[PDB]
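Have a look at the structure below, then the notes.
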Amino acid sequence: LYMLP
Amino acid sequence: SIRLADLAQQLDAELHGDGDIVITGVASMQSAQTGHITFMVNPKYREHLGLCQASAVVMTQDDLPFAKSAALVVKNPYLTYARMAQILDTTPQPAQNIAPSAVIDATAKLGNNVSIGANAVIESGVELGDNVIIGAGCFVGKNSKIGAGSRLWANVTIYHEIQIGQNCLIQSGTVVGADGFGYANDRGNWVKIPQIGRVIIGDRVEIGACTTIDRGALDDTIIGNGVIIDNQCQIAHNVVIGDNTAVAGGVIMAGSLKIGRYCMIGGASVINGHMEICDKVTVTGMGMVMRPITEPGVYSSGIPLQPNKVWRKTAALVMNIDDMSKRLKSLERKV
Amino acid sequence: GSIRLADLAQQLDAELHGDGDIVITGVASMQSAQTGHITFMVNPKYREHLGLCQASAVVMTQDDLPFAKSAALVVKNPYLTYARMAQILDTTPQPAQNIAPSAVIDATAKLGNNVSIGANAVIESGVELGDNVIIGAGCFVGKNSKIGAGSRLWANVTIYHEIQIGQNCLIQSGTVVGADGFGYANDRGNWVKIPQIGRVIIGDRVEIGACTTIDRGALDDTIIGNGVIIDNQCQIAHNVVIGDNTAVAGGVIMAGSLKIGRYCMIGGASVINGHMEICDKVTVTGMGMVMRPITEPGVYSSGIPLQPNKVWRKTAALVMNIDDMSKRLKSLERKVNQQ
Amino acid sequence: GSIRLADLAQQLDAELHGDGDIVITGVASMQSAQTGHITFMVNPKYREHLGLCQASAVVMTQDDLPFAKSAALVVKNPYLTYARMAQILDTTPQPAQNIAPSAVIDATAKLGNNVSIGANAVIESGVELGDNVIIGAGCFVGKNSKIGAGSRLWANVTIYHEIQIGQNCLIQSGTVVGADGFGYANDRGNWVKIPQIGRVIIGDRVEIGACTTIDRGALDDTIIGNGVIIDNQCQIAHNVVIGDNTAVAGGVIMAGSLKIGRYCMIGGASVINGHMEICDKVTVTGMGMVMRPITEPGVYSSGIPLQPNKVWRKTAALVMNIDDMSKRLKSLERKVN
Ligand SMILES: CC1(C)CC(=O)c2c(nc3nn(-c4ccccc4)c(O)c3c2-c2cccs2)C1
Ligand SMILES: CC1(C)CC(=O)c2c(nc3nn(-c4ccccc4)c(O)c3c2-c2cccs2)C1
Ligand SMILES: [Mg+2]
Ligand SMILES: [Mg+2]
């Protein structure tokens with residue numbers, strides 16, 4: 001997901 | 001450097017091939033050479049494993065038919081990678097022994113195997129647990145306590161009356177315990193509210209670089225055990241973060257926010273304060289968190305990128321959406 | 001630090017009800033307060049809970065007084081009185097005391113009286129520190145910079161050259177004042193550095209948080225007015241001007257040549273574009289995306305808040321396709337108009 | 001350093017009109033310029049205002065010349081000329097001079113010629129500093145890192161271990177190069193730290209602003225191309241690759257394994273997703289929410305800008321409820337047809 005690991 | 005068989009034993013992995021192979025380090029699949037162990041998680045890499053020049057590849061059972069070298073079969077290749085990387089870790093320590101240029105107050109208390117780097121400054125009353133390492137140029141303020149096995153890289157600032165647990169890691173440029181942003185207002189003039197709370201950091205906390213965590217106003221800012229915080233984060237006074245929560249880079253949190261356990265805060269999110277987020281919440285990147293979150297799950301916000309010509313029309317229509325809504329209502333009425 | 005309750009009430013201009021010989025040793029929250037502590041009540045909802053607070057004294061209003069279960073200091077404004085009394089009883093240590101032998105101080109620096117400079121601080125040539133200035137451990141203060149009387153730097157603060165800081169400022173650790181602005185010309189794709197030979201001018205009673213960056217101007221100066229408070233993780237580009245008494249919350253980014261007037265309140269993580277002006281008495285709420293000048297006072301906002309991710313996917317897909325929605329609307333209006 | 005107008009003119013490839021013996025001592029803005037200063041005009045609307053400028057000389061174009069009220073330097077590009085002449089007349093000090101007695105320098109560090117290292121800086125074992133490198137006060141340079149000739153670090157910069165930095169770079173204070181990025185395996189809700197054993201490779205002529213953080217790679221490297229300029233308080237995650245000559249403005253957050261091509265321009269406060277590619281010649285305007293790969297050159301934007309709060313409340317509520325608006329629209333379309 002967006003800006004997640 | 002370790003014999004393959006000895007390594008597979010420490011990793012609880014089923015070895016398939018020569019156990020006498022000497023492994024010296026970890027490498028990506030594209031980069032691995034003789035001596036390297038690597039891993040795969042994506043089945044896309046199966047077809048070209050004969051192009052991989054690692055001595056050993058960590059994989060699953062479903063991968064083994066495609067292996068073209070010694071393999072370590074395991075259920076979780078990614079977790080096995082984390083473990084074998086710790087075993088083969090090359091990272092130096094922030095410091096070794098106590099530097100003669102360090103400046104250490106006489107009333108500081110140090111445990112066994114404390115290392116303090118060059119030109120670090122340790123204030124009166126500080127307590128450093130066993131095996132604690134303080135990088136070069138750090139500052140540790142009055143009466144602060146750092147638990148055993150914790151490590152600060154170079155140029156970390158810890159204020160006074162801060163408490164850090166065991167086996168924490170804090171990267172350079174980070175500031176723990178600065179004043180919270182607290183002011184009364186006297187006819188338009190700001191009046192400082194001294195911030196005499198503290199920061200309490202649990203065990204096994206990792207904090208990134210150029211992150212700031214403010215001390216509380218009266219009671220404390222609290223970071224739970226196992227929390228990980230990335231770079232460029234702001235954690236305001238009296239925030240409370242529950243155990244094992246992960247906060248990605250550039251997240252900005254306002255005062256008196258409470259985050260539960262096992263949350264994931266995506267990069268560049270903005271979380272308002274005096275509110276609570278329950279356990280097991282994921283906020284995706286750039287999330288504008290305005291209201292409490294009371295149910296676990298994934299939450300998101302933001303209108304994503306478009307070609308500039310398209311964006312100009314999108315933003316103008318959105319800005320005039322009330323007119324659109326009125327025209328829709330007028331039309332319903334007429335129809 | 002310890003003070004008789006009667007002395008404290010006089011310094012606060014409060015009405016004392018109770019034993020003025022009580023010794024107060026510190027401020028505490030209502031939940032945490034114990035013998036020797038003063039606390040305060042701002043929310044009369046807690047009137048019925050005061051018997052549970054074990055503070056030696058509580059700051060409250062006249063309407064609150066009949067509900068007290070302790071010595072009470074009656075005031076018009078408990079919150080402002082709390083600020084004042086926490087200053088009187090402040091336990092915050094100083095960033096340094098006296099002049100550390102490990103400090104490195106150019107022989108041409110000029111110190112006033114009662115200056116303190118902490119361990120391993122570095123002071124460049126031509127620097128002037130006014131009376132009672134305090135430079136924390138590990139700071140750097142560049143050539144010819146001037147820091148006015150009473151101002152204080154926490155540890156590991158970086159001030160560049162030719163910076164001017166007024167009186168009674170407070171700067172938190174990790175902050176950098178006077179770095180190069182982001183200035184480049186461009187010769188066929190090659191960036192050509194524009195030296196940034198302006199300065200930063202900071203007024204009096206300015207408080208700056210931690211890991212904040214304030215760039216110097218390109219020719220003329222970046223200016224921060226008197227009584228300005230700026231939080232952590234802020235970025236102030238070259239040639240920004242901020243008016244007196246403005247407050248900037250955490251993570252705010254301000255592009256070059258922005259002018260902000262007086263008594264503004266900039267909410268956290270706002271993004272303020274440059275070469276434009278915001279007038280006096282403007283509030284930008286958190287995460288505000290400021291693309292245009294603001295010429296009237298008042299409260300301004302932007303941003304679409306959080307939704308459940310499944311809901312958000314639909315919201316974002318429909319918004320991104322809103323031009324088609326607008327075309328459908330106009331077409332239907334034509335039909336209803338019989339054209 | 002003071003210079004004769006004719007000599008400055010020669011160094012600038014400028015056509016001198018006026019007294020070549022005028023002594024120029026500094027650069028100044030048009031309004032601040034006094035005797036001894038040189039300044040420049042990029043906007044021909046100031047032509048009628050040149051008599052109000054107290055500079056000893058003005059850089060302008062051939063079309064401006066008839067309007068001069070001072071010695072003029074005629075050039076094709078006054079702005080580029082300004083940049084060049086400000087370099088010649090730069091008053092910016094060096095971050096250090098010579099090697100301070102308080103610096104702590106490991107015996108195994110290799111120092112080139114004419115290296116300056118400021119007070120209380122700390123240089124680890126195996127470090128190599130090329131000719132004319134300057135390390136500001138209070139810096140840290142970790143084991144085996146290499147900094148090429150002419151590169152300069154302002155005060156209180158942190159370089160970790162095994163970092164390669166090229167020639168003629170400039171890094172502003174508070175910046176951190178080579179920290180550990182997020183790298184964790186999840187083991188039953190418990191985080192297991194993965195050592196980050198890749199590096200950062202920064203090319204030549206790179207400028208990095210203040211309090212910017214660049215993480216090292218997990219196995220392979222984070223890579224900054226040549227000629228890149230990066231502003232303050234950017235986060236560059238592990239294994240990001242930024243192509244040559246790209247500009248990144250202040251406060252940009254990039255996630256891991258993002259690849260940015262050459263000659264991009266990333267506007268301030270943008271937020272860029274990882275494991276994906278942005279091609280050459282892309283401009284993202286300020287505050288861009290870049291979730292998806294960008295595969296065509298050009299300009300991209302996002303974001304709904306400020307409104308009066310009373311207006312914003314309706315805008316945000318209507319957008320949040322836009323699915324219901326869309327359904328109503330669909331069902332009015334059926335009812336009409
Ligand atoms: C200066 C003051 C004493 C009062 C004040 O006005 C203010 C303060 N703290 C804030 N924190 N955040 C914040 C921080 C991080 C994320 C999101 C929000 C704001 O937006 C804040 C504001 C403002 C609200 C609206 C405009 S300024 C403390
Ligand atoms: C590199 C250059 C000489 C020219 C340039 O392109 C540029 C420059 N300064 C900027 N400041 N900000 C900014 C900073 C903070 C908040 C909001 C905006 C930008 O977005 C900037 C940009 C860009 C615009 C669009 C893409 S990059 C200086
Ligand atoms: Mg930000
Ligand atoms: Mg020293």
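Starting from 1 in every chain, residues are counted up; chains themselves are A, B, ... following the order of the structure tokens, and ligands are numbered from 1 as listed.
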Env. residues ligand 2 / 6 Å / only C-alpha atoms and all ligand atoms / as a VMD selection string:
(chain C and resid 182 to 184 253 to 255 273) or (chain D and resid 247 249 to 250 265 to 269 283 to 286)
All strand (DSSP E or B) residues (DSSP, backbone) inside segment 101-295 of chain D, as a PyMOL selection string:
chain D and resi 104-105+110-111+116-117+122-123+128-129+134-135+140-141+146-147+152-153+158-159+164-165+170-171+176-179+184-187+190-193+200-202+207-208+213-215+222-224+229-230+235-236+241-242+247-248+253-254+258-260+265-266+271-272+276-278+282-284+289-290+294
Interface rows for chain B against chain A: nearest pair, Å to one decimal, 6 Å, only C-alpha atoms, as JSON lines:
```
{"residue": "B:266", "atom": "CA", "partner": "A:4", "partner_atom": "CA", "distance": 5.0}
{"residue": "B:267", "atom": "CA", "partner": "A:3", "partner_atom": "CA", "distance": 4.9}
{"residue": "B:284", "atom": "CA", "partner": "A:2", "partner_atom": "CA", "distance": 5.6}
{"residue": "B:285", "atom": "CA", "partner": "A:3", "partner_atom": "CA", "distance": 4.6}
```
Could you save the residues just selected, with C-alpha atoms, as a JSON list (two decimals), in the first residue's frame?
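In the end it all went to again_1.json:
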```json
[["chain", "number", "residue", "atom", "x", "y", "z"],
["B", 266, "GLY", "CA", 1.83, 5.25, 6.28],
["B", 267, "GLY", "CA", 4.43, 7.85, 5.33],
["B", 284, "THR", "CA", -2.21, 4.65, 4.07],
["B", 285, "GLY", "CA", 0.28, 7.32, 2.93]]
```
Using only C-alpha atoms and all ligand atoms, which residues have at least one atom no more than 7 Å from ligand 1? Output them as a PyMOL selection string.
(chain B and resi 181-184+252-255+270-273) or (chain C and resi 247-251+265-269+283-286)
Output file for the selection above: N, CA, C and O atoms, as a CSV table (one decimal), in the first residue's frame:
```csv
chain,number,residue,atom,x,y,z
B,181,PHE,N,5.0,21.9,22.2
B,181,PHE,CA,4.6,23.2,21.7
B,181,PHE,C,3.4,23.7,22.5
B,181,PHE,O,2.3,23.9,22.0
B,182,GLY,N,3.7,24.1,23.8
B,182,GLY,CA,2.7,24.6,24.7
B,182,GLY,C,2.8,26.0,25.1
B,182,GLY,O,3.8,26.5,25.7
B,183,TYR,N,1.7,26.8,24.8
B,183,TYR,CA,1.7,28.3,25.0
B,183,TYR,C,0.3,28.7,25.5
B,183,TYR,O,-0.7,28.2,24.9
B,184,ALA,N,0.3,29.5,26.5
B,184,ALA,CA,-0.9,30.3,26.8
B,184,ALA,C,-0.8,31.5,25.9
B,184,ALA,O,0.2,31.8,25.3
B,252,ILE,N,3.4,13.4,10.9
B,252,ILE,CA,3.3,14.5,11.8
B,252,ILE,C,2.1,14.2,12.7
B,252,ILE,O,1.0,14.1,12.2
B,253,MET,N,2.4,14.1,14.0
B,253,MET,CA,1.3,13.9,15.0
B,253,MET,C,1.2,15.0,16.0
B,253,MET,O,2.1,15.6,16.5
B,254,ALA,N,-0.1,15.4,16.2
B,254,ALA,CA,-0.4,16.5,17.1
B,254,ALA,C,-0.5,16.0,18.6
B,254,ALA,O,-0.5,14.8,18.8
B,255,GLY,N,-0.7,16.9,19.5
B,255,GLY,CA,-0.5,16.6,20.9
B,255,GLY,C,-1.7,15.8,21.4
B,255,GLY,O,-2.8,15.9,21.0
B,270,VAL,N,-0.8,12.7,8.5
B,270,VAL,CA,-1.0,13.8,9.4
B,270,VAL,C,-2.1,13.4,10.4
B,270,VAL,O,-3.3,13.3,10.0
B,271,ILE,N,-1.8,13.3,11.7
B,271,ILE,CA,-2.8,12.8,12.6
B,271,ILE,C,-3.1,13.9,13.6
B,271,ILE,O,-2.2,14.3,14.3
B,272,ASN,N,-4.3,14.2,13.7
B,272,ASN,CA,-4.6,15.3,14.7
B,272,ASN,C,-4.7,14.7,16.1
B,272,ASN,O,-4.6,13.5,16.3
B,273,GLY,N,-4.7,15.6,17.1
B,273,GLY,CA,-4.5,15.2,18.5
B,273,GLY,C,-5.8,15.2,19.3
B,273,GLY,O,-6.9,15.3,18.8
C,247,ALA,N,2.1,32.2,14.9
C,247,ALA,CA,2.4,30.8,15.4
C,247,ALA,C,2.4,29.9,14.2
C,247,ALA,O,1.5,29.9,13.4
C,248,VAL,N,3.4,29.0,14.1
C,248,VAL,CA,3.6,28.0,13.1
C,248,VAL,C,3.7,26.6,13.8
C,248,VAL,O,4.7,26.3,14.5
C,249,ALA,N,2.7,25.7,13.5
C,249,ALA,CA,2.7,24.4,14.2
C,249,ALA,C,3.6,23.4,13.4
C,249,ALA,O,4.2,23.8,12.4
C,250,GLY,N,3.7,22.2,13.9
C,250,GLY,CA,4.7,21.2,13.5
C,250,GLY,C,4.6,20.9,12.0
C,250,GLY,O,3.5,20.8,11.4
C,251,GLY,N,5.8,20.6,11.4
C,251,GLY,CA,5.9,20.1,10.0
C,251,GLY,C,5.4,21.0,8.9
C,251,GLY,O,5.2,20.6,7.8
C,265,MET,N,-2.0,32.0,12.4
C,265,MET,CA,-1.9,30.7,13.0
C,265,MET,C,-1.9,29.7,11.9
C,265,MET,O,-2.8,29.6,11.1
C,266,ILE,N,-0.7,29.0,11.7
C,266,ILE,CA,-0.5,28.1,10.6
C,266,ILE,C,-0.6,26.7,11.2
C,266,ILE,O,0.4,26.2,11.9
C,267,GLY,N,-1.6,25.9,10.8
C,267,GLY,CA,-1.8,24.6,11.3
C,267,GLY,C,-0.8,23.6,10.9
C,267,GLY,O,-0.1,23.7,9.8
C,268,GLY,N,-0.7,22.5,11.6
C,268,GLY,CA,0.4,21.6,11.4
C,268,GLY,C,0.4,21.0,10.1
C,268,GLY,O,-0.6,20.6,9.5
C,269,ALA,N,1.6,20.7,9.5
C,269,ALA,CA,1.8,20.1,8.3
C,269,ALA,C,1.2,20.8,7.1
C,269,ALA,O,1.0,20.2,6.0
C,283,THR,N,-5.8,32.2,9.9
C,283,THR,CA,-5.6,30.9,10.4
C,283,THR,C,-5.7,29.9,9.2
C,283,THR,O,-6.8,29.9,8.5
C,284,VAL,N,-4.7,29.1,9.0
C,284,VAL,CA,-4.7,28.0,8.0
C,284,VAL,C,-4.8,26.8,8.9
C,284,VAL,O,-3.9,26.5,9.7
C,285,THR,N,-5.8,26.0,8.6
C,285,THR,CA,-6.0,24.8,9.4
C,285,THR,C,-5.0,23.7,9.0
C,285,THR,O,-4.4,23.8,7.9
C,286,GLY,N,-4.8,22.7,9.8
C,286,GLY,CA,-3.8,21.6,9.6
C,286,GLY,C,-3.8,21.1,8.2
C,286,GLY,O,-4.9,20.8,7.6
```
Within-8 Å residues of ligand 4, basis only C-alpha atoms and all ligand atoms, as a PyMOL selection string
(chain B and resi 101-103+118-119) or (chain C and resi 102-104+119-120) or (chain D and resi 102-104+119-120)
Around ligand 3, which protein and nucleic acid residues have at least one atom no more than 9 Å from it, if we count only C-alpha atoms and all ligand atoms? List them as a JSON list (two decimals) with N, CA, C and O atoms, in the first residue's frame.
```
[["chain", "number", "residue", "atom", "x", "y", "z"],
["B", 232, "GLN", "N", 12.23, 11.71, 9.94],
["B", 232, "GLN", "CA", 11.47, 12.97, 9.74],
["B", 232, "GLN", "C", 10.10, 12.95, 10.43],
["B", 232, "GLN", "O", 9.15, 13.64, 10.00],
["B", 233, "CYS", "N", 9.94, 12.19, 11.52],
["B", 233, "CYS", "CA", 8.64, 12.14, 12.17],
["B", 233, "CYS", "C", 8.57, 13.17, 13.28],
["B", 233, "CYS", "O", 9.58, 13.47, 13.92],
["B", 249, "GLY", "N", 7.89, 7.24, 7.46],
["B", 249, "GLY", "CA", 8.65, 8.49, 7.46],
["B", 249, "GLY", "C", 7.79, 9.73, 7.25],
["B", 249, "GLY", "O", 6.77, 9.71, 6.55],
["B", 250, "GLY", "N", 8.24, 10.84, 7.85],
["B", 250, "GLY", "CA", 7.56, 12.13, 7.68],
["B", 250, "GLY", "C", 6.15, 12.20, 8.22],
["B", 250, "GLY", "O", 5.36, 13.02, 7.77],
["B", 251, "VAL", "N", 5.80, 11.37, 9.20],
["B", 251, "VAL", "CA", 4.48, 11.46, 9.81],
["B", 251, "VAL", "C", 4.49, 12.57, 10.86],
["B", 251, "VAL", "O", 5.44, 12.69, 11.66],
["B", 252, "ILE", "N", 3.42, 13.35, 10.90],
["B", 252, "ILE", "CA", 3.33, 14.49, 11.81],
["B", 252, "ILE", "C", 2.12, 14.24, 12.71],
["B", 252, "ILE", "O", 0.99, 14.10, 12.22],
["B", 268, "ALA", "N", 4.08, 10.26, 5.60],
["B", 268, "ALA", "CA", 3.57, 11.61, 5.35],
["B", 268, "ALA", "C", 2.13, 11.80, 5.83],
["B", 268, "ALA", "O", 1.50, 12.81, 5.48],
["B", 269, "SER", "N", 1.60, 10.87, 6.61],
["B", 269, "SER", "CA", 0.31, 11.08, 7.23],
["B", 269, "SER", "C", 0.36, 12.21, 8.23],
["B", 269, "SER", "O", 1.41, 12.58, 8.78],
["B", 270, "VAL", "N", -0.83, 12.73, 8.53],
["B", 270, "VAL", "CA", -1.00, 13.84, 9.45],
["B", 270, "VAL", "C", -2.12, 13.44, 10.39],
["B", 270, "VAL", "O", -3.27, 13.27, 9.96],
["B", 286, "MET", "N", 0.06, 9.68, 3.39],
["B", 286, "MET", "CA", -0.53, 11.00, 3.29],
["B", 286, "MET", "C", -1.92, 11.08, 3.90],
["B", 286, "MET", "O", -2.70, 11.99, 3.57],
["C", 233, "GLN", "N", 10.18, 20.41, 13.01],
["C", 233, "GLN", "CA", 10.10, 19.89, 11.64],
["C", 233, "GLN", "C", 9.56, 20.93, 10.65],
["C", 233, "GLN", "O", 8.98, 20.58, 9.62],
["C", 234, "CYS", "N", 9.72, 22.21, 10.94],
["C", 234, "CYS", "CA", 9.30, 23.24, 10.01],
["C", 234, "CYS", "C", 10.43, 23.62, 9.07],
["C", 234, "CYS", "O", 11.62, 23.47, 9.38],
["C", 251, "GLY", "N", 5.76, 20.63, 11.40],
["C", 251, "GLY", "CA", 5.88, 20.13, 10.05],
["C", 251, "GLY", "C", 5.42, 21.05, 8.93],
["C", 251, "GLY", "O", 5.17, 20.56, 7.82],
["C", 252, "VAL", "N", 5.31, 22.36, 9.17],
["C", 252, "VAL", "CA", 4.86, 23.30, 8.15],
["C", 252, "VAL", "C", 6.01, 23.62, 7.20],
["C", 252, "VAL", "O", 7.15, 23.87, 7.63],
["C", 253, "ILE", "N", 5.72, 23.64, 5.89],
["C", 253, "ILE", "CA", 6.72, 23.96, 4.87],
["C", 253, "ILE", "C", 6.31, 25.25, 4.17],
["C", 253, "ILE", "O", 5.16, 25.39, 3.74],
["C", 269, "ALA", "N", 1.62, 20.75, 9.53],
["C", 269, "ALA", "CA", 1.82, 20.05, 8.26],
["C", 269, "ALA", "C", 1.20, 20.78, 7.06],
["C", 269, "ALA", "O", 1.00, 20.15, 5.99],
["C", 270, "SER", "N", 0.85, 22.07, 7.20],
["C", 270, "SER", "CA", 0.42, 22.88, 6.06],
["C", 270, "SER", "C", 1.56, 23.06, 5.07],
["C", 270, "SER", "O", 2.75, 22.98, 5.41],
["C", 271, "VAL", "N", 1.20, 23.35, 3.81],
["C", 271, "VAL", "CA", 2.19, 23.56, 2.75],
["C", 271, "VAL", "C", 1.91, 24.93, 2.15],
["C", 271, "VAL", "O", 0.85, 25.16, 1.55],
["D", 233, "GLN", "N", 15.10, 18.79, 4.44],
["D", 233, "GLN", "CA", 14.12, 17.93, 5.09],
["D", 233, "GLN", "C", 13.43, 16.98, 4.12],
["D", 233, "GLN", "O", 12.27, 16.63, 4.29],
["D", 234, "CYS", "N", 14.18, 16.50, 3.13],
["D", 234, "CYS", "CA", 13.71, 15.39, 2.31],
["D", 234, "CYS", "C", 14.05, 14.05, 2.98],
["D", 234, "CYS", "O", 15.02, 13.92, 3.73],
["D", 250, "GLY", "N", 11.88, 21.14, -1.15],
["D", 250, "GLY", "CA", 11.93, 20.85, 0.27],
["D", 250, "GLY", "C", 10.83, 19.90, 0.72],
["D", 250, "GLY", "O", 9.70, 19.93, 0.22],
["D", 251, "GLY", "N", 11.16, 19.05, 1.67],
["D", 251, "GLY", "CA", 10.11, 18.31, 2.38],
["D", 251, "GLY", "C", 9.50, 17.15, 1.63],
["D", 251, "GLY", "O", 8.46, 16.65, 2.04],
["D", 252, "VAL", "N", 10.16, 16.67, 0.55],
["D", 252, "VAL", "CA", 9.65, 15.52, -0.20],
["D", 252, "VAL", "C", 9.97, 14.22, 0.52],
["D", 252, "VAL", "O", 11.10, 13.99, 1.01],
["D", 253, "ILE", "N", 8.98, 13.33, 0.59],
["D", 253, "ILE", "CA", 9.10, 12.02, 1.21],
["D", 253, "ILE", "C", 9.02, 10.98, 0.10],
["D", 253, "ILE", "O", 8.01, 10.89, -0.61],
["D", 269, "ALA", "N", 7.16, 19.11, -0.76],
["D", 269, "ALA", "CA", 6.10, 18.48, 0.03],
["D", 269, "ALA", "C", 5.39, 17.36, -0.69],
["D", 269, "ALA", "O", 4.36, 16.87, -0.19],
["D", 270, "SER", "N", 5.87, 16.95, -1.86],
["D", 270, "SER", "CA", 5.34, 15.79, -2.54],
["D", 270, "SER", "C", 5.61, 14.52, -1.73],
["D", 270, "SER", "O", 6.52, 14.45, -0.89],
["D", 271, "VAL", "N", 4.83, 13.48, -2.04],
["D", 271, "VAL", "CA", 4.83, 12.22, -1.31],
["D", 271, "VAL", "C", 4.84, 11.11, -2.34],
["D", 271, "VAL", "O", 3.86, 10.95, -3.08]]
```
Rows by chain and residue number, chain D within 6 Å of chain B, shortest pair, only C-alpha atoms, as CSV:
```
residue,atom,partner,partner_atom,distance
D:185,CA,B:79,CA,5.2
D:194,CA,B:82,CA,4.6
D:219,CA,B:27,CA,5.7
D:289,CA,B:304,CA,5.2
D:290,CA,B:305,CA,5.6
D:299,CA,B:308,CA,5.6
D:300,CA,B:307,CA,4.4
D:301,CA,B:308,CA,5.1
D:302,CA,B:305,CA,4.6
D:304,CA,B:315,CA,5.5
```
Write the residues of the selection above to a file with N, CA, C and O atoms, as a PDB file, in the first residue's frame.
```pdb
ATOM      1  N   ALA D 185      11.352  -7.933   9.432  1.00  0.00           N
ATOM      2  CA  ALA D 185      10.454  -9.056   9.265  1.00  0.00           C
ATOM      3  C   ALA D 185       9.481  -9.047  10.432  1.00  0.00           C
ATOM      4  O   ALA D 185       9.866  -8.762  11.575  1.00  0.00           O
ATOM      5  N   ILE D 194      16.098  -6.163  10.274  1.00  0.00           N
ATOM      6  CA  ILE D 194      17.010  -6.646   9.240  1.00  0.00           C
ATOM      7  C   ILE D 194      18.175  -5.664   9.129  1.00  0.00           C
ATOM      8  O   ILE D 194      17.949  -4.503   8.750  1.00  0.00           O
ATOM      9  N   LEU D 219      20.465  -4.228   0.686  1.00  0.00           N
ATOM     10  CA  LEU D 219      21.532  -5.111   0.208  1.00  0.00           C
ATOM     11  C   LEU D 219      22.373  -4.419  -0.867  1.00  0.00           C
ATOM     12  O   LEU D 219      23.602  -4.303  -0.739  1.00  0.00           O
ATOM     13  N   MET D 289       0.725  13.811  -4.734  1.00  0.00           N
ATOM     14  CA  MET D 289       0.452  12.501  -4.138  1.00  0.00           C
ATOM     15  C   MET D 289       0.718  11.482  -5.237  1.00  0.00           C
ATOM     16  O   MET D 289      -0.169  11.151  -6.045  1.00  0.00           O
ATOM     17  N   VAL D 290       1.963  11.019  -5.307  1.00  0.00           N
ATOM     18  CA  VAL D 290       2.392  10.161  -6.404  1.00  0.00           C
ATOM     19  C   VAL D 290       2.236   8.717  -5.925  1.00  0.00           C
ATOM     20  O   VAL D 290       3.096   8.177  -5.230  1.00  0.00           O
ATOM     21  N   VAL D 299       4.127  17.114 -16.976  1.00  0.00           N
ATOM     22  CA  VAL D 299       3.825  17.763 -15.713  1.00  0.00           C
ATOM     23  C   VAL D 299       2.620  17.081 -15.072  1.00  0.00           C
ATOM     24  O   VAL D 299       1.590  16.912 -15.727  1.00  0.00           O
ATOM     25  N   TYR D 300       2.720  16.756 -13.777  1.00  0.00           N
ATOM     26  CA  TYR D 300       1.668  16.061 -13.034  1.00  0.00           C
ATOM     27  C   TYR D 300       1.381  16.796 -11.726  1.00  0.00           C
ATOM     28  O   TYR D 300       2.286  17.388 -11.125  1.00  0.00           O
ATOM     29  N   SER D 301       0.109  16.755 -11.290  1.00  0.00           N
ATOM     30  CA  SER D 301      -0.338  17.532 -10.142  1.00  0.00           C
ATOM     31  C   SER D 301      -1.411  16.771  -9.370  1.00  0.00           C
ATOM     32  O   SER D 301      -2.094  15.894  -9.905  1.00  0.00           O
ATOM     33  N   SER D 302      -1.573  17.148  -8.105  1.00  0.00           N
ATOM     34  CA  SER D 302      -2.684  16.655  -7.306  1.00  0.00           C
ATOM     35  C   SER D 302      -3.029  17.699  -6.253  1.00  0.00           C
ATOM     36  O   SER D 302      -2.268  18.642  -6.007  1.00  0.00           O
ATOM     37  N   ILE D 304      -6.407  19.461  -3.661  1.00  0.00           N
ATOM     38  CA  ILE D 304      -7.523  20.396  -3.682  1.00  0.00           C
ATOM     39  C   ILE D 304      -7.129  21.578  -2.796  1.00  0.00           C
ATOM     40  O   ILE D 304      -7.035  21.423  -1.570  1.00  0.00           O
TER      41      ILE D 304
END
```
Atomic separation - atom CA of residue 29 of chain C relative to atom CA of residue 144 of chain B, Å
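Going from atom CA of residue 144 of chain B over to atom CA of residue 29 of chain C covers 21.4 Å.
Distance criterion 7 Å to chain A, applied with only C-alpha atoms, yields residues 255, 273, 274 and 291 of chain D on chain D.
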Those selected residues, please, written with N, CA and C atoms and delivered as a compact mmCIF listing (two decimals), in the first residue's frame.
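Ended up saving to out.txt:
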```
# COMPACT_ATOMS: atom_id res chain seq x y z
N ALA D 255 9.40 6.77 -0.73
CA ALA D 255 9.46 5.43 -0.15
C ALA D 255 10.52 4.57 -0.84
N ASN D 273 5.44 7.17 -3.69
CA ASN D 273 5.36 5.75 -3.38
C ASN D 273 6.64 5.04 -3.84
N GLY D 274 6.90 3.86 -3.27
CA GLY D 274 8.11 3.11 -3.54
C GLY D 274 7.89 2.00 -4.56
N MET D 291 1.10 8.11 -6.24
CA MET D 291 0.93 6.70 -5.85
C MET D 291 1.42 5.73 -6.92
```
